[PDB]
Each structure stands twice: as structure tokens, then as C-alpha cells.
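Single chain ahead, written as C-alpha cells, the form deposited in one PDB entry.
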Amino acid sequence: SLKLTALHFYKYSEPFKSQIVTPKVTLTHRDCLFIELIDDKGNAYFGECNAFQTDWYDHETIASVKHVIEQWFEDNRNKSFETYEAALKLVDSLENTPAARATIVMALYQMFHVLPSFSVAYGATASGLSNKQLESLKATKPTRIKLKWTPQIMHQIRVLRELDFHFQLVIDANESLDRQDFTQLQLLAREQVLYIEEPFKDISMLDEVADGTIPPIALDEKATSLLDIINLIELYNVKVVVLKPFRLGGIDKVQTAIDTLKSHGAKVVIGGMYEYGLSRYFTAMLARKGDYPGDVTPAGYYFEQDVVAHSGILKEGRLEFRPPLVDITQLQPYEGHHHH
């Protein structure tokens, strides 16, 4: 029954194997804040933060999170806390900063739990369709494949279905559709789509066609807390919820949300976002509790070198996880200037 005793901030940065284009920015490096908490018994526990260099995705940043954790440590260092529950009640006040909260929870979780070894069913996302891409998916043989929405989606579907194995088909629609698209969406109901993520930026568009007509809908970016989820599930015919730990504010909130929505009839999927192998482990850990394969991407898919080596190694259509051990040599500290 322990006190917290030291805090080191670290920073890490790696090339993406391919560049990522987002609306506001192109990504070449995954910049990432790591923390390390040390108890009075001499033990080191690491947390990985999902925040980015700049505020393009979210109001929280690597610099903003570092400040919030810094100040949480000062308010809470050399406090005795007995249980995991007691430890978590010290990050109640961080609820309005879920990325900072999740980073700490990742560390705190490890202080009170043994870390299983396990495998999860591989859910692939397809970036665009090409001939190297398809021969990759022949090799990997995933149980689910995810497609981005394009005007050319129907064609992309048929192109995909030419692989010789069965898989589940998900569409990510990225909040971009309109009464443009009703014809396309209703025709898609015949195409065995497991779910479509976030078709509309405005959720109320959903009762403008009488449900059963289009494929099952999923929440993703609108899954901002367990409240907002249950509200939307009741008000609209949504059957799938995508849960990300950085959005809800930690592992604990995700675990709560899994349990609640297991009874509540909605299917549940767990996901991450350009994670290193520490965060990936915890995400996957939660993902095996979901009804469908998670947005968890294999080791060596984004990054040649990781801070946790081969966290999520793909073998026979499944991703393999052992307890995450941080290569402290790969990390550099926060405050300095470093070659990598």
C-alpha cells in the first residue's frame, strides 16, 4: 500500500513507414509522450500518452498533457493509497483532460494487476487499394477488413471480395456523408457490411431513413463518454460502439463501458490511434473483450523500431501480446535535444 516517489518524462518519435495525410496536416513522425512513475518500493511503471505535437486532432497536446501530469504529481506525491480504486479516485479531477488521465491510469493499472499473455483476432484497415496491398491481405488473412468511404466504395468492395477467404466488412465514413448518399447507403444494406462508422456529422440525420434500410451504424468520434453513448444508443438505432481509451479517459473507463454495454444490447469494438507498443498492449488487452476485432494494428505495421519490441506480432490471422517491457535505451528524456 504505496506512495508515489519519482516521475520522469520521456519523449519518442519514429518515421511512419508510409506518410499519413490528415485534413489539417501530414504526419511523418509519431511524436509521443511517455511517463514513468516510481513507488517507494523501487518499482518503475510506464504510461504512454496518445496526444500529438500540435492540437490538430484534439485540444490536448504533448506539452499540455506534460504540464497536467507534472501538476497532478505535485498534488499527489507521497500520499498513501491502498487499493486500485483509491489510486483511481486521485485522477477524478483529471476527467476534463482524458488524454492526461489515460496516461496515468495506464501506469496505475500496472501497479495492481498481473499482465496476461494473449492473442486477439486481427482486424485490418485498408488505406487505399493497390496490388501490394491486396497481396499483403492474402498473406495476413484477417477476419475483418475496414474500408474508408470513397465515391468508389462499391467497386472497392467488389475488388476486396475477390480474395479467396471469408472476412467481415466494415466501412469508415469519417462523418462526411449527406442526403447525397442515401441511395448508396441503402444499396450497401444488401452488401453484408458488418457496420458503418459515423456516416453523418449530425446524428439526427439517422431517422430520415427508416432503419433496417441501411447497414448497422457505429459510433466512433461521438463515443466521447459512457453517458453520450447511452443517450445516442437509445435515441437512434445504433448497434456498434467504438471505444478508445484516450477518448473516455483511461483503461478503467473503457472496462466500465464494456460491462455496461454488454447488457445494453450494443456491440462493442476497442480501438487505438497510431500507438506505440506500450499503449497497443493495453488497447489489445481491452479489445479481446469486444464483440468484433479491434482497431489494433500489428507490430511493425507503422514503425520498424518500437519502444516495446514485437507487441502485437501477427501469426495465423491473430496478433500476439506478452507483458510489455520498455526498451529504456530507445527512449530519450523530454527536456533535452536528441538525435534518435
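Start at 1 with the first residue shown and count on from there. Take the two forms, find the largest set of C-alpha atoms that superpose within 1.5 Å, and that set is the rigid core.
Unshown form deposited in another entry; subsequent notes refer to it.
Lining up the core between this form and the one not shown shows that one residue from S119, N231, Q71, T143 moves its Cα 2 Å or more, and that residue is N231. Once you line up the core between this form and the one not shown, the Cα of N96 stays within less than 2 Å of where it was. Once both forms are fitted on their core, a CA shift of 2 Å or more is seen for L219 between this form and the one not shown. Core-superposed comparison between this form and the one not shown: the Cα of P199 travels 2 Å or more. Pairwise change in that other deposited form: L115 and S263 C-alpha atoms lie farther apart than in the shown form, at least 3 Å.
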